[PDB]
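The next block is protein_20.pdb, given as PDB, C-alpha atoms.
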```pdb
MODEL        1
ATOM      1  CA  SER A   1      41.471   5.984 -11.808  1.00  0.00           C
ATOM      2  CA  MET A   2      40.956   2.445 -12.398  1.00  0.00           C
ATOM      3  CA  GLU A   3      38.218   2.253  -9.683  1.00  0.00           C
ATOM      4  CA  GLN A   4      36.246   4.903 -11.668  1.00  0.00           C
ATOM      5  CA  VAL A   5      36.533   2.932 -14.860  1.00  0.00           C
ATOM      6  CA  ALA A   6      35.265  -0.179 -13.113  1.00  0.00           C
ATOM      7  CA  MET A   7      32.258   1.745 -11.714  1.00  0.00           C
ATOM      8  CA  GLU A   8      31.644   3.077 -15.218  1.00  0.00           C
ATOM      9  CA  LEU A   9      31.683  -0.443 -16.628  1.00  0.00           C
ATOM     10  CA  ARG A  10      29.141  -1.650 -14.024  1.00  0.00           C
ATOM     11  CA  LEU A  11      26.878   1.369 -15.033  1.00  0.00           C
ATOM     12  CA  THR A  12      27.263   0.364 -18.659  1.00  0.00           C
ATOM     13  CA  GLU A  13      26.312  -3.186 -17.968  1.00  0.00           C
ATOM     14  CA  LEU A  14      23.260  -2.057 -15.872  1.00  0.00           C
ATOM     15  CA  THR A  15      22.258   0.170 -18.794  1.00  0.00           C
ATOM     16  CA  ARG A  16      22.410  -2.863 -21.080  1.00  0.00           C
ATOM     17  CA  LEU A  17      20.215  -4.933 -18.810  1.00  0.00           C
ATOM     18  CA  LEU A  18      17.710  -2.010 -18.319  1.00  0.00           C
ATOM     19  CA  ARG A  19      17.504  -1.590 -22.084  1.00  0.00           C
ATOM     20  CA  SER A  20      16.396  -5.206 -22.439  1.00  0.00           C
ATOM     21  CA  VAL A  21      13.901  -4.734 -19.510  1.00  0.00           C
ATOM     22  CA  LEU A  22      12.561  -1.546 -21.178  1.00  0.00           C
ATOM     23  CA  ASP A  23      12.064  -3.354 -24.433  1.00  0.00           C
ATOM     24  CA  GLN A  24      10.274  -6.208 -22.767  1.00  0.00           C
ATOM     25  CA  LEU A  25       7.940  -3.766 -20.820  1.00  0.00           C
ATOM     26  CA  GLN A  26       7.205  -1.708 -23.932  1.00  0.00           C
ATOM     27  CA  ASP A  27       6.145  -4.917 -25.789  1.00  0.00           C
ATOM     28  CA  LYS A  28       3.397  -5.209 -23.129  1.00  0.00           C
ATOM     29  CA  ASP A  29       1.932  -1.917 -24.616  1.00  0.00           C
ATOM     30  CA  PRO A  30       1.017  -2.948 -28.018  1.00  0.00           C
ATOM     31  CA  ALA A  31      -1.375  -0.046 -28.526  1.00  0.00           C
ATOM     32  CA  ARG A  32       1.498   2.440 -27.853  1.00  0.00           C
ATOM     33  CA  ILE A  33      -0.583   4.219 -25.280  1.00  0.00           C
ATOM     34  CA  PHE A  34       2.525   4.893 -23.112  1.00  0.00           C
ATOM     35  CA  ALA A  35       5.043   5.431 -25.919  1.00  0.00           C
ATOM     36  CA  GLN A  36       5.201   9.196 -25.890  1.00  0.00           C
ATOM     37  CA  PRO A  37       4.553  12.096 -23.473  1.00  0.00           C
ATOM     38  CA  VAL A  38       0.927  13.244 -23.086  1.00  0.00           C
ATOM     39  CA  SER A  39       0.746  16.232 -25.437  1.00  0.00           C
ATOM     40  CA  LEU A  40       0.060  19.543 -23.648  1.00  0.00           C
ATOM     41  CA  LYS A  41      -1.349  20.918 -26.876  1.00  0.00           C
ATOM     42  CA  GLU A  42      -3.942  18.136 -26.871  1.00  0.00           C
ATOM     43  CA  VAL A  43      -4.486  17.850 -23.065  1.00  0.00           C
ATOM     44  CA  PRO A  44      -3.877  21.413 -21.933  1.00  0.00           C
ATOM     45  CA  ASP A  45      -4.765  20.911 -18.237  1.00  0.00           C
ATOM     46  CA  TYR A  46      -2.521  17.853 -17.814  1.00  0.00           C
ATOM     47  CA  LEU A  47       0.065  19.417 -15.505  1.00  0.00           C
ATOM     48  CA  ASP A  48      -2.646  20.708 -13.175  1.00  0.00           C
ATOM     49  CA  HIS A  49      -3.398  16.942 -12.542  1.00  0.00           C
ATOM     50  CA  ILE A  50      -0.099  15.177 -12.967  1.00  0.00           C
ATOM     51  CA  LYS A  51       2.972  16.656 -11.398  1.00  0.00           C
ATOM     52  CA  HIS A  52       5.594  14.262 -12.773  1.00  0.00           C
ATOM     53  CA  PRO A  53       4.617  13.041 -16.309  1.00  0.00           C
ATOM     54  CA  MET A  54       6.429  10.030 -17.652  1.00  0.00           C
ATOM     55  CA  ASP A  55       6.395   7.841 -20.818  1.00  0.00           C
ATOM     56  CA  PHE A  56       8.617   5.216 -22.516  1.00  0.00           C
ATOM     57  CA  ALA A  57      10.371   7.683 -24.871  1.00  0.00           C
ATOM     58  CA  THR A  58      11.351   9.853 -21.905  1.00  0.00           C
ATOM     59  CA  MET A  59      12.676   6.783 -20.061  1.00  0.00           C
ATOM     60  CA  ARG A  60      14.615   5.719 -23.159  1.00  0.00           C
ATOM     61  CA  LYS A  61      16.360   9.187 -23.317  1.00  0.00           C
ATOM     62  CA  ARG A  62      17.354   8.861 -19.671  1.00  0.00           C
ATOM     63  CA  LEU A  63      18.566   5.333 -20.143  1.00  0.00           C
ATOM     64  CA  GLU A  64      20.749   6.138 -23.140  1.00  0.00           C
ATOM     65  CA  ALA A  65      22.423   8.861 -21.198  1.00  0.00           C
ATOM     66  CA  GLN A  66      23.144   6.196 -18.488  1.00  0.00           C
ATOM     67  CA  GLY A  67      20.895   8.186 -16.151  1.00  0.00           C
ATOM     68  CA  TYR A  68      19.559   5.224 -14.157  1.00  0.00           C
ATOM     69  CA  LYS A  69      22.059   4.396 -11.393  1.00  0.00           C
ATOM     70  CA  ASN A  70      20.132   1.440 -10.032  1.00  0.00           C
ATOM     71  CA  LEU A  71      16.986  -0.617 -10.817  1.00  0.00           C
ATOM     72  CA  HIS A  72      14.910   1.314  -8.194  1.00  0.00           C
ATOM     73  CA  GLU A  73      15.288   4.554 -10.117  1.00  0.00           C
ATOM     74  CA  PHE A  74      14.110   2.800 -13.339  1.00  0.00           C
ATOM     75  CA  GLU A  75      11.158   1.232 -11.571  1.00  0.00           C
ATOM     76  CA  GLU A  76      10.152   4.588 -10.098  1.00  0.00           C
ATOM     77  CA  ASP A  77       9.778   5.979 -13.636  1.00  0.00           C
ATOM     78  CA  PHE A  78       7.858   2.878 -14.830  1.00  0.00           C
ATOM     79  CA  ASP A  79       5.490   3.168 -11.873  1.00  0.00           C
ATOM     80  CA  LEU A  80       4.900   6.869 -12.769  1.00  0.00           C
ATOM     81  CA  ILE A  81       3.714   5.829 -16.270  1.00  0.00           C
ATOM     82  CA  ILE A  82       1.099   3.495 -14.695  1.00  0.00           C
ATOM     83  CA  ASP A  83       0.153   5.592 -11.681  1.00  0.00           C
ATOM     84  CA  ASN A  84      -0.265   8.837 -13.599  1.00  0.00           C
ATOM     85  CA  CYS A  85      -2.627   7.081 -16.024  1.00  0.00           C
ATOM     86  CA  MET A  86      -4.713   5.483 -13.358  1.00  0.00           C
ATOM     87  CA  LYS A  87      -5.341   8.840 -11.712  1.00  0.00           C
ATOM     88  CA  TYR A  88      -6.080  10.978 -14.794  1.00  0.00           C
ATOM     89  CA  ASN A  89      -8.270   8.377 -16.514  1.00  0.00           C
ATOM     90  CA  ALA A  90     -11.336   6.625 -15.082  1.00  0.00           C
ATOM     91  CA  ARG A  91     -11.746   2.859 -14.700  1.00  0.00           C
ATOM     92  CA  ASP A  92     -14.064   2.583 -17.723  1.00  0.00           C
ATOM     93  CA  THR A  93     -11.405   3.814 -20.159  1.00  0.00           C
ATOM     94  CA  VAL A  94      -9.059   2.079 -22.546  1.00  0.00           C
ATOM     95  CA  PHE A  95      -6.227   4.124 -20.984  1.00  0.00           C
ATOM     96  CA  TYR A  96      -6.791   2.958 -17.408  1.00  0.00           C
ATOM     97  CA  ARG A  97      -7.311  -0.606 -18.540  1.00  0.00           C
ATOM     98  CA  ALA A  98      -4.075  -0.541 -20.595  1.00  0.00           C
ATOM     99  CA  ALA A  99      -2.197   0.640 -17.503  1.00  0.00           C
ATOM    100  CA  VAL A 100      -3.580  -2.239 -15.387  1.00  0.00           C
ATOM    101  CA  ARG A 101      -2.482  -4.742 -18.006  1.00  0.00           C
ATOM    102  CA  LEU A 102       0.943  -3.199 -18.341  1.00  0.00           C
ATOM    103  CA  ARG A 103       1.399  -3.155 -14.533  1.00  0.00           C
ATOM    104  CA  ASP A 104       0.366  -6.840 -14.259  1.00  0.00           C
ATOM    105  CA  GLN A 105       2.498  -8.067 -17.156  1.00  0.00           C
ATOM    106  CA  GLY A 106       5.437  -5.811 -16.317  1.00  0.00           C
ATOM    107  CA  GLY A 107       5.613  -7.077 -12.699  1.00  0.00           C
ATOM    108  CA  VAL A 108       6.666 -10.463 -13.955  1.00  0.00           C
ATOM    109  CA  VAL A 109       9.543  -8.924 -16.017  1.00  0.00           C
ATOM    110  CA  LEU A 110      10.639  -6.751 -13.135  1.00  0.00           C
ATOM    111  CA  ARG A 111      10.647  -9.617 -10.610  1.00  0.00           C
ATOM    112  CA  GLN A 112      13.320 -11.404 -12.640  1.00  0.00           C
ATOM    113  CA  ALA A 113      15.222  -8.185 -13.438  1.00  0.00           C
ATOM    114  CA  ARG A 114      15.662  -7.640  -9.708  1.00  0.00           C
ATOM    115  CA  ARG A 115      17.120 -11.163  -9.220  1.00  0.00           C
ATOM    116  CA  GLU A 116      19.585 -10.548 -12.192  1.00  0.00           C
ATOM    117  CA  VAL A 117      20.693  -7.188 -10.915  1.00  0.00           C
ATOM    118  CA  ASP A 118      21.361  -8.676  -7.434  1.00  0.00           C
ATOM    119  CA  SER A 119      22.911 -11.890  -8.803  1.00  0.00           C
ATOM    120  CA  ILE A 120      25.374 -10.236 -11.295  1.00  0.00           C
ATOM    121  CA  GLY A 121      25.960  -7.317  -8.839  1.00  0.00           C
TER     122      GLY A 121
ENDMDL
END
```

Write the structure described by the file as structure tokens, please.
Amino acid sequence: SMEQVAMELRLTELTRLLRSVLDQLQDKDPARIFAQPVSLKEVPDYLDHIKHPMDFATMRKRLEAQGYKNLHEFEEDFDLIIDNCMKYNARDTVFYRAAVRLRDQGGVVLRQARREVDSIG
């Protein structure tokens, strides 16, 4: 139907905007601490601690499949990257500290993404 095509176009355009947001958030992680999944070979107990792992490569696979229907779903996955890190790692670590910085810098990006999503529809 034509209504379905129009919905599909809106999802495509959201995916475009979320790809720019994702790129802007990932630039705020210059050490690439959040780029890939925590390796279960290297951290074998990880899933005993963290029930829903997340990372930027995993988000990028979801995005490219148009698997974010709205900005809330995308932000849920970004918050998992930060929140998982801040539980598994202590305050005195480069990991925790990187997550704080990424949360603080990413909030700015996300505040304007929300206005654009609402404005454009």

Need to verify the contact set: stretch 34-45 of chain A, 10 Å, only C-alpha atoms, exclusion of same-chain residues closer than 2 positions in sequence. Can you return it as a ChimeraX atom specification? /A:26,29-32,47-50,53-60,81-82,85,95,98-99,102

If you apply the PyMOL selection byres ((chain A and resi 16) around 12) to this file, what residues do you get, as a VMD selection string? chain A and resid 9 to 15 17 to 23 60 63 to 66 68 71 113 117

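Reported to one decimal place, the separation of atom CA of residue A:24 from atom CA of residue A:109 is 7.3 Å.
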
Using only C-alpha atoms, the residue out of A:28, A:52, A:69, A:114 with shortest distance to residue A:100 is A:28

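Take atom CA of residue A:25 and atom CA of residue A:105: the distance between them is 7.8 Å.
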
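Put simply, atom CA of residue A:77 is 22.3 Å away from atom CA of residue A:93.
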
Using all atoms listed in the file for the distances, tell me which of A:83, A:3, A:118, A:92 is nearest to residue A:51. A:83

Draw an axis-aligned box tight on the listed atoms of stretch 99-102 of chain A, then pad every side by 5 Å and write out centre and edge lengths in Å to one decimal as JSON.
```
{"center_x": -1.3, "center_y": -2.1, "center_z": -16.9, "size_x": 14.5, "size_y": 15.4, "size_z": 13.0}
```
